[PDB]
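*Asks:* Here's a structure for you.
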Amino acid sequence: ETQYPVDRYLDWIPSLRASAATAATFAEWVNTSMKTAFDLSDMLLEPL
Amino acid sequence: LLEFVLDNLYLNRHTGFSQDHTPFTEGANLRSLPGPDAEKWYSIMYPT
C-alpha cells in the first residue's frame, strides 16, 4: 500500500498487510531466484 | 519514593526482536530474551 497508484486486479487473491520486513524477505527470495536464474555466483543488489 | 527511584537506577541493554509467525499479533518483532519461557513475557506483552 503506497501513495503512488498501481493497478492490482488480483487484490481478491488473499494477502494480509505485510510489514516492510515481510515484503523485504519476499523480495530477497525474488533476488536469490534471479541470481540462480542468471546463474549469478556474485552478490546481487545485496545493499538493496 | 526515594528508594523506588534508587531501585530504578538501571541502564537497559539493547535487546533483540523476533517477527510474529502467528495471526494472533500482526507479525510484530518481539523483544527476545535469551533462554526459554519468555513466551509468558511475550503473552503478557501482547495479550492479543
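Just remember, in the C-alpha cells the first chain shown is A, the second B, etc., residues are 1-based per chain, and ligands are 1-based in the order shown.
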Return as a ChimeraX atom specification the residues belonging to chain A that are within 12 Å of chain B, counting only C-alpha atoms.
*Replies:* /A:16-22,25
*Asks:* Need the shell around range 29-33 of chain A: protein/DNA/RNA residues with any atom at most 10 Å away, counting only C-alpha atoms. Skip same-chain ones fewer than 6 positions apart. Format as a list in words?
*Replies:* residues 23, 39, 40, 43, 44, 45, 46 and 48 of chain A
*Asks:* Would you export the selected residues with C-alpha atoms as a PDB file, in the first residue's frame, please?
*Replies:*
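Written file, part_4.pdb:
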```pdb
ATOM      1  CA  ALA A  23       7.989  -7.575   1.818  1.00  0.00           C
ATOM      2  CA  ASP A  39      23.446 -18.471 -12.518  1.00  0.00           C
ATOM      3  CA  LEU A  40      24.995 -15.485 -10.673  1.00  0.00           C
ATOM      4  CA  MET A  43      26.132 -10.987  -4.733  1.00  0.00           C
ATOM      5  CA  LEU A  44      23.328  -9.025  -6.477  1.00  0.00           C
ATOM      6  CA  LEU A  45      21.565  -5.901  -5.068  1.00  0.00           C
ATOM      7  CA  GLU A  46      22.769  -7.030  -1.604  1.00  0.00           C
ATOM      8  CA  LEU A  48      19.267  -3.187  -1.793  1.00  0.00           C
TER       9      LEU A  48
END
```
*Asks:* So which bits of chain B end up alpha helix (DSSP H) when you DSSP the backbone, as a PyMOL selection string?
*Replies:* chain B and resi 2-7+39-45
*Asks:* What's the separation between CA of residue 48 in chain B and CA of residue 2 in chain A, in Å to one decimal place?
*Replies:*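 Value for the CA of residue 48 in chain B-CA of residue 2 in chain A distance: 27.1 Å.
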